[PDB]
């Protein structure tokens, strides 16, 4: 009789920034667990494995298993697989995306690949990018895991996944299909894994532009936390608003 019987919890934005927010997330997730409400965590992150992420969450007293961690690289693999499980894949990426593809049993190829998947690779090279371009010009579909142009690090803002996709897209004059937030594809793929119905599922996050917009676009109800007077006002000016806006996870009632 709950309106919401499945929860997609965002891992990104500033959801877990500082001790108060961590404790709020711990209390919230533990309550979901107590009520036996299924949930999945969703992230664009491509530098950590499901196992690493779950291990970190548990260390923060936020209950999670590796199977509850769902990334944009997993969504990408899964989406492609359902469309053609016999496609030969060329990818640019790291262990996370490689693992997601491995799990789907793909065959891999270079210049005659059927699908080119672009993810972040912090050891990318001219030749790796060139093979992507040649495969696209040989008719490969062009898919990008995420769209981020820059990535904040210790050193500053480094080149992001989306910047590499722009290079390939410009060179080849082919537009990419993007999977990760703020696109809806990641959220449809997450719904598949979570198993609940779209109209009985809610996405919870605290960033609108990148994160909650994905849920909105995917046709899910959304809870945006960590809002204030000014941000609520601002979103009322946009085409789409979150379903609910609150100060804290502590304020959510399990409707």
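Positions refer to the first chain, counted from 1.
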Seminar exercise, completed: The stretch carrying the higher mean Cα B factor in the deposited entry, 52 to 60 or 195 to 203, is 52 to 60
Seminar exercise, completed: Of 153 to 161 vs 92 to 100, the stretch with the larger average CA B-factor in the entry is 153 to 161
Exercise. When you compare the CA B-factors of 35, 212, 69, 218 as listed in the entry, which one comes out on top?
Worked result: 35
For this session: Determine, from the deposited record, the chain-internal third of the Cα B-factor for residue 230: lowest, middle or highest.
Result: highest
Exercise. Is the Cα B-factor recorded for residue 122 in the lowest, middle or highest third of its chain?
Worked result: highest
Problem set entry | For residue 65, the third of its chain into which the C-alpha B factor falls | highest
Exercise. Thinking about Cα B factors across the chain, which third does residue 177 belong to?
Worked result: middle
Seminar exercise, completed: Entry-reported C-alpha B-factor of residue 82 relative to its chain, by third, is lowest
